[PDB]
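2 protein chains.
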Amino acid sequence: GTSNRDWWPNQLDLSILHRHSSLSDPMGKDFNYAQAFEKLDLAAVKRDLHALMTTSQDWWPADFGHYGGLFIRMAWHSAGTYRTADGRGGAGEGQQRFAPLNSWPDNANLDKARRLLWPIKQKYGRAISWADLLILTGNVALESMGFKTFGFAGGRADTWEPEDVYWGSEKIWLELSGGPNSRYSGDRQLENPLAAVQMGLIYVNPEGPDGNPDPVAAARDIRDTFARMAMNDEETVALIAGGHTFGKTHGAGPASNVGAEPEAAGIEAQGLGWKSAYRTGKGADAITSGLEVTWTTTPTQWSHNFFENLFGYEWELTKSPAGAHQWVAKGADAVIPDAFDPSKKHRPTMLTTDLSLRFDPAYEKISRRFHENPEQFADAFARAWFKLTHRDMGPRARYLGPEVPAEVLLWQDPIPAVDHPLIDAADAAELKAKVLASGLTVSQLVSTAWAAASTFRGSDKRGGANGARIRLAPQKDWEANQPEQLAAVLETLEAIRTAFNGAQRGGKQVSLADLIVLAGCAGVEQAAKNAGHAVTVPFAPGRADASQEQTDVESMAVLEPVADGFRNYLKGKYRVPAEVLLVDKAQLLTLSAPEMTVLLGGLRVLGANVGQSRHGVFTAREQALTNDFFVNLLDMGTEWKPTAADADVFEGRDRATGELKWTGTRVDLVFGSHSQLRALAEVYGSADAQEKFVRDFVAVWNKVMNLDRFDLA
Amino acid sequence: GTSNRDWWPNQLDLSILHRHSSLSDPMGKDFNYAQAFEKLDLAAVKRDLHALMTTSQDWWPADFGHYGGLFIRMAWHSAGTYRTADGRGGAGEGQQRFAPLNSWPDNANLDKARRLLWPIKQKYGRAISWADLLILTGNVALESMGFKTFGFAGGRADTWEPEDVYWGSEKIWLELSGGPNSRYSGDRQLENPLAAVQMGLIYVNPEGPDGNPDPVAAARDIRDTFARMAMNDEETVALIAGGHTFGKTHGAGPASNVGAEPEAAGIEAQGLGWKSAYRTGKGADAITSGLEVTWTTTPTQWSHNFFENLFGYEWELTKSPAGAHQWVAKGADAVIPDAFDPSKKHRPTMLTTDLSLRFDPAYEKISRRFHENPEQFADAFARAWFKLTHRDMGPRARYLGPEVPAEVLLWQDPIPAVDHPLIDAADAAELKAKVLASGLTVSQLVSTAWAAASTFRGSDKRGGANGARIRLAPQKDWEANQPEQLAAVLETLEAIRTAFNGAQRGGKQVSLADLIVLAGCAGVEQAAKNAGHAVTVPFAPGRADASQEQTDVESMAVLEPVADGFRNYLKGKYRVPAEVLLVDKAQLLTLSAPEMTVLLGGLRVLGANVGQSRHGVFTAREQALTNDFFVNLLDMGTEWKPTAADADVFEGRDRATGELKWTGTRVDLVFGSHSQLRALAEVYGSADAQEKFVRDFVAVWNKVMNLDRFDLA
Ligand code: HEM
Ligand code: HEM
Ligand SMILES: [Cl-]
Ligand SMILES: [Cl-]
Ligand code: NA
Ligand code: NA
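Those protein sequence lines, which keep their order, are chains B and A. Position 333 (the first sequence) corresponds to 368 in the authors' numbering; numbering is contiguous. Position 620 (the second sequence) corresponds to 655 in the authors' numbering; numbering is contiguous.
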């Protein structure tokens with residue numbers, strides 16, 4: 036069946052803006068997962084998970100009689116798709132159970148792990164999500180094996196279809212670099228937003244870069260990919276050594292024995308894959324990665340044996356039974372237990388990437404410190420495991436249940452508690468009147484609140500207006516935020532705040548975070564008045580101001596917009612057409628196609644463009660809230676052509692006279708070109724639509740202002 | 036960006052079940068198009084359209100100063116995608132303005148036609164849909180040129196994204212037959228459900244079959260394609276001759292002058308396409324099909340000059356300026372006017388397909404009759420034009436506005452008016468108790484109501500339980516409906532009806548259509564009671580009973596189910612896997628993936644399978660409404676394998692003992708295989724789900740029972 040995607044493979048794709056439809060969701064529209072979880076007997080779940088650890092099934096027998104290692108890998112893989120570039124991937128939506136991740140080569144036999152959890156999932160139902168269960172099971176496996184976790188939060192709601200994530204352009208699983216769709220260029224530079232070295236891997240190749248077993252060069256890939264998953268050197272070494280304190284790899288025979296991944300298998304496989312023709316196909320005969328390594332002398336118990344072995348032997352390159360590169364300890368005794376036969380023992384072995392922890396000079400110092408001070412190792416691993424598995428959960432207000440750690444961590448972008456009465460409706464009206472009497476314009480008010488609130492992304496629930504981080508490094512210096520203009524707006528708002536607060540009794544005060552948003556609202560109200568309409572913009576107080584010391588400047592840098600079509604901003608020239616980047620931004624903001632359309636049209640006419648560009652400002656009453664953008668964009672009296680200087684800028688000329696009327700970018704004109712977007716523009720550009728446009732704009736504005744308000748949720 | 040579709044190109048596609056999401060729709064969730072349309076000043080819209088017909092724009096100058104011909108073609112193309120096999124295509128959703136239809140080669144330059152209508156669309160806004168406007172504009176063009184139309188109904192609500200229709204497998208626009216993706220096999224047999232001879236055409240090739248200019252062979256393709264669009268010989272001749280009474284074709288220069296279709300054009304083209312480098316690129320220089328034919332001496336006025344010319348001359352094969360085959364009248368005077376230069380005149384010309392009307396012997400008799408009696412021609416054309424443009428609108432209750440024809444047509448599957456008081460809630464309870472006391476079983480009641488209601492398709496809004504046509508030819512004899520069993524159920528229900536009706540006062544009575552549905556509701560209530568649950572199934576009376584004389588048996592044939600996964604029924608062996616045919620059926624019934632899942636699971640355990648098959652009946656309490664289907668399907672203690680006799684049947688055996696537990700088809704087992712469907716099955720298979728399962732089943736049952744109840748809209 037030939038599709039639109041076949042005929043027009045480069046056309047913009049809007050279906051990413053309608054994932055999460057209530058059509059695909061089997062739960063009612065009223066279903067609230069937080070409420071269901073808050074009633075779960077989490078202790079009873081943990082008991083059942085503890086019992087499962089040593090209840091082996093014959094269809095996938097447990098190594099050493101304990102599934103703990105398999106479950107820790109399962110949980111680590113669930114979390115470990117996360118990229119800081121866009122916040123996509125991670126454990127927070129339980130995407131491992133959907134395509135493509137359910138069938139990535141690095142997730143081989145994790146299908147079996149998930150199937151082992153079905154009885155517990157079934158027993159507790161909607162009160163524990165898959166997303167939550169995968170992480171909890173990891174935690175319980177650590178606890179069962181003697182490792183004390185830092186804590187656990189529930190609240191990851193299940194999703195019901197695959198997310199549309201760009202995982203790379205390769206058309207071959209695991210393709211080595213330098214191919215026609217290479218994710219690498221120059222001096223081994225991995226393309227943004229990717230955070231893995233080959234298609235279908237979590238981070239790096241365990242044999243070494245493109246299969247070359249050099250631990251020093253592997254270290255480099257490790258450092259790069261883990262950084263792109265938010266982990267520094269200390270966290271990286273704690274995580275790899277911590278994880279590889281447990282379990283084993285599986286490579287008992289050649290990989291050609293292993294069949295179709297889950298999405299390719301026959302219907303009788305009932306959702307599982309990688310069925311193996313090698314001997315029994317499972318347990319002692321299991322093939323997963325092709326490597327055959329067991330790290331420690333007690334694979335089912337926490338120990339300090341990983342670094343004892345790593346440092347205590349010299350290592351020799353060898354091949355697994357499947358042909359994969361790995362390392363064996365020179366002249367060692369057979370001290371490592373077999374997973375199934377008590378009469379067999381094996382020599383200590385390591386992956387190339389394990390040897391990275393010793394042969395990379397910066398890692399070596401941390402590894403040695405961990406070897407000498409195992410308590411520091413244990414604490415760092417517990418902290419990093421918590422971060423890894425919670426990284427995409429958003430503000431602390433979303434964390435549920437009785438095991439949430441009390442300690443506030445820098446990486447959580449923490450927001451101070453509010454400890455004073457909030458402003459009421461009379462106070463809000465007063466503050467808005469002061470904002471308007473100060474001289475701040477519609478365009479300054481709208482631009483500043485947009486800048487503050489539009490850093491939110493729904494992928495990892497970072498960003499937004501709460502915190503007033505727009506006043507701090509690095510947001511106050513971002514080019515998209517117009518630093519000089521921003522400084523002047525914030526100075527006026529700070530004076531308004533200080534005066535209001537000094538005049539109060541009873542300890543009432545307004546935060547700068549709330550005042551930025553409230554001022555934006557006054558600007559939209561003023562804009563509506565300029566167009567002759569009476570409009571009230573909703574506003575919810577309660578934001579607090581975070582400090583500079585609560586704001587990790589390096590972690591904040593990935594939220595910088597390099598493309599924001601809502602302000603007609605592009606920081607440089609890119610591979611990706613500007614309209615593709617607009618739809619990507621709309622997705623992160625959680626907007627539908629109609630919301631994206633109304634929002635952009637209104638922002639153009641309010642003066643939200645960076646640098647006061649005229650591009651797309653298709654109105655003769657700028658700073659008035661009208662549907663002019665749509666009426667003028669759709670006017671057939673105007674003809675459009677790319678400019679000589681720049682093919683991404685267009686001139687719109689009167690068709691009869693030739694006179695220049697407007698200019699726009701690709702972000703502006705795609706609303707007059709794409710057939711679905713132009714259908715949306717037509718609604719808002721019709722003669723009966725002025726009121727609908729205002730209403731719908733105010734709604735989406737308010738939506739964006741509240742994206743991070745999980746304290747109200 | 037590599038996608039799931041790239042990695043697993045043959046995996047089932049569920050996204051067809053979630054078009055029409057409220058995410059993509061810009062109108063509020065409360066927007067009711069019928070209400071908006073009913074207040075439109077339709078007379079004022081027709082006046083504006085009338086003025087438009089002679090107001091030429093320089094970007095697309097009007098032939099002969101009159102846009103009427105172009106707008107007729109536009110409206111005919113809007114309707115003429117319709118196929119009777121599935122009811123897909125047609126004008127009823129305004130899909131011509133979306134991909135792919137907006138960019139089909141046969142819709143070349145209809146983008147200009149739609150753009151000419153934007154000012155009127157903009158003026159009237161949401162009170163007239165694009166879908167309605169396209170057809171109305173065709174009508175007004177006919178009227179302005181002296182043709183009396185049969186009427187017009189509004190009510191086609193706009194859609195906001197492309198429908199996913201199978202239009203064929205070719206990867207090249209207009210590919211000639213016999214390629215690697217040939218839509219032809221055998222003795223020129225066109226594959227179901229297609230209704231055109233080449234990808235991107237409306238019906239046939241105007242040069243002749245695969246471009247061979249033989250009018251006799253072309254007649255064959257015409258007859259075949261038109262029949263697949265529900266038009267017999269009489270209607271076909273009326274339509275082609277009627278349309279070709281007006282306007283002209285466009286082929287002033289070689290086709291290689293013409294650029295990118297709209298979906299491939301640059302952004303500056305603002306949604307138009309086919310920009311031409313030939314001379315001015317428009318008007319006198321226009322190129323559309325590459326043919327250059329003007330059929331009549333008054334291309335802007337209704338006449339009987341098409342048949343005068345067809346029969347009054349002999350015809351010679353010739354080539355247009357673009358190289359296309361066409362026909363010119365041997366030795367005729369230049370009597371046909373030029374579209375732009377009053378000083379030029381041309382000879383009469385014809386398409387190969389026009390000559391079909393004369394050289395096919397069956398067409399010739401009709402064409403002669405129409406030539407001799409042009410009043411008969413006019414009436415036939417008006418009736419056919421009404422049918423063509425309304426064929427997918429569904430029951431007469433959906434027809435809006437003041438120009439709806441009063442004559443009831445057999446093709447409308449008409450339903451008699453109700454002229455008596457309806458049963459009330461107490462009556463419905465009494466009738467249900469009588470149905471259950473008669474001895475009819477849960478399985479008979481469910482099966483019979485399913486058979487009656489499930490003929491509905493949302494594509495053209497034909498079918499459903501209204502009318503009680505299940506008791507008539509041909510439905511009563513369809514294999515899926517189990518004719519002997521059906522006859523026995525109907526006999527009992529008719530006696531119940533006769534006794535209830537005879538006992539009433541005051542004219543109150545119950546139709547057999549309503550009693551079939553009500554009995555099915557009693558069966559579902561009894562099934563819930565058998566499982567230990569008291570529920571009431573909603574029921575809305577008001578259906579009526581149509582007669583055999585009001586039922587066109589040949590037109591009803593395309594509604595026969597040859598694949599009904601909901602009854603585990605496949606009438607023969609097909610190309611298409613049975614699970615693909617299930618999702619196709621779900622789409623026609625307007626179900627989401629969750630609705631499809633619940634509905635199938637419930638029907639299995641209620642005994643709805645054809646022939647009392649055990650396949651998928653995964654319960655030991657058949658006729659009780661439980662979630663047993665899902666609990667047993669998902670039980671990992673069972674292992675499944677295809678049988679030796681049949682690869683499409685599977686045995687489910689105890690994993691430990693090998694004992695046979697169940698059998699099922701691909702339709703049953705897909706719910707345990709497909710990653711998104713298994714996630715849905717898990718919800719309904721969980722321990723907390725029995726009440727959700729019953730509630731959701733009752734709701735989808737009721738939805739299916741009411742699919743054709745546009746009387747209650
Ligand atoms: C550079 C990073 C890493 C690489 C290249 C890597 C590679 C692998 C490979 C190839 C396996 C064998 C899969 C199999 O054949 O069954 C595996 C197993 C495992 N990894 Fe990692 N790993 C990495 C980091 C991690 C981290 C961060 C954790 C957890 C905190 C982790 C925990 C595990 C565990 C528990 C297993 C054993 C599974 C079992 O017993 O079935 N690894 N690792
Ligand atoms: C065998 C069936 C049909 C064939 C092959 C066919 C073919 C065509 C072709 C090739 C053109 C020229 C497109 C261009 O270059 O501008 C055209 C024009 C036209 N056709 Fe048809 N036609 C068919 C049936 C119909 C029917 C059923 C109607 C309406 C009842 C219709 C009405 C028209 C009109 C009005 C035009 C003139 C367009 C203008 O003036 O711009 N045709 N036809
Ligand atoms: Cl994601
Ligand atoms: Cl359709
Ligand atoms: Na994420
Ligand atoms: Na249709």
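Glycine included, every Cβ here is placed at the ideal spot set by N, Cα and C.
Asked                                                                                                                                   : Found
Helix, strand or coil at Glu442 of chain B according to DSSP, with G and I counted as helix                                             : coil
Option nearest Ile237 of chain B by Cα separation, candidates B:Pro215, B:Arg263 and B:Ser721                                           : B:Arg263
Best match in B:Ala566, B:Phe416, B:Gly672 and B:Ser291 for proximity to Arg656 of chain B [C-alpha to C-alpha]                         : B:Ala566
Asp689 of chain A, DSSP secondary structure in three states                                                                             : strand
Chain-ordered neighbours of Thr37 of chain B on chain A, where CB pairs are closer than 9 Å                                             : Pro135, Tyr201, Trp202, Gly203, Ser204, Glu205, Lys206, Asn216 and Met234
Chain-order list of residues whose beta-carbon lies under 6 Å from that of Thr271 of chain A (same chain, five-residue window excluded) : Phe261
Proximal chain B residues relative to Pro677 of chain A, where beta-carbon distance stays under 9 Å                                     : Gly301, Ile302 and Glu303
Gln411 of chain A and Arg418 of chain A closer than 8 Å at C-beta                                                                       : no
Beta carbon of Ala579 of chain B nearer than 8 Å to that of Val735 of chain B                                                           : no
Own chain partners of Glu205 of chain B with C-beta closer than 6 Å, once the 5 adjacent residues on each side are dropped              : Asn216 and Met234
beta-carbon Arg118 of chain B near ligand 3 non-hydrogen atom, thresh 7 Å                                                               : no
Residue burial classification, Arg223 of chain A (beta-carbon count within 10 angstroms, cutoff 16)                                     : exposed
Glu298 of chain B: contacting residues in chain A (beta-carbon distance under 8 Å)                                                      : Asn39, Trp42, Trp43, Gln46 and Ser710
Test: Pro576 of chain A CB closer than 8 Å to a CB of chain B                                                                           : no
Opposing strand residues paired with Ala364 of chain B [DSSP bridges]                                                                   : B:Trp350
First and last residue of the uninterrupted alpha helix (DSSP H) at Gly558 of chain A                                                   : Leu547 to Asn565
Validate contact between the segment 475-491 of chain A and the segment 546-553 of chain A using beta carbons, cut 8 Å, 3 pairs         : yes
Integer-rounded CB distance, given that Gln520 of chain A should sit under 8 Å from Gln479 of chain A                                   : 7 Å
Whole-angstrom distance between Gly306 of chain B and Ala682 of chain A, CA atom to CA atom                                             : 18 Å
Rounded C-alpha distance that separates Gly103 of chain A from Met180 of chain A                                                        : 8 Å
Helix, strand or coil at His381 of chain B [DSSP, three-state]                                                                          : strand
Neighbourhood of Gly687 of chain B by C-beta distance below 6 Å, restricted to the same chain and skipping five residues each side      : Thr673, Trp675, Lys696 and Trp697
Residues of the segment 614-648 of chain A with Cβ closer than 7 Å to any Cβ of chain B, in chain order                                 : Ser627, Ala628 and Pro629
Under the three-state DSSP convention, the category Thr700 of chain A falls into                                                        : strand
Under 7 Å from the C-beta of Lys158 of chain A: neighbouring residues of chain B                                                        : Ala722
Sequence-distant residues of its chain with Cβ nearer than 7 Å to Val645 of chain B (five each side left out)                           : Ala515, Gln517, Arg602, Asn603 and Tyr604
Beta carbon nearer than 7 Å to a non-hydrogen atom of ligand 5                                                                          : B:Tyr117, B:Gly122, B:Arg123, B:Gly124, B:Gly125, B:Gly127, B:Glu128, B:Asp427, B:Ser494 and B:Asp495
heavy atom of ligand 3 below 7 Å from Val200 of chain B C-beta                                                                          : yes
Buried/exposed call for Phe66 of chain B, threshold 16 Cβ in 10 Å                                                                       : exposed
Beta carbon proximity, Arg161 of chain B to chain A, threshold 8 Å                                                                      : yes
Beta-carbon neighbours of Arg690 of chain A, restricted to chain B and to distances below 8 Å                                           : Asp93 and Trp94
Nearest-angstrom Cα separation, counted from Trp202 of chain B out to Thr37 of chain A                                                  : 7 Å
Proximity below 8 Å, CB of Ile163 of chain A to CB of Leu87 of chain A                                                                  : no
Alpha helix (DSSP H) segments (min. 4 residues) lying fully within the segment 606-652 of chain B                                       : 613-623 and 628-641
Endpoints, alpha helix (DSSP H) assigned at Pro677 of chain A                                                                           : Taken as a continuous stretch (DSSP letters only), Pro677 of chain A belongs to no alpha helix (DSSP H), being part of the beta strand (DSSP E) at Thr673 to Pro677.
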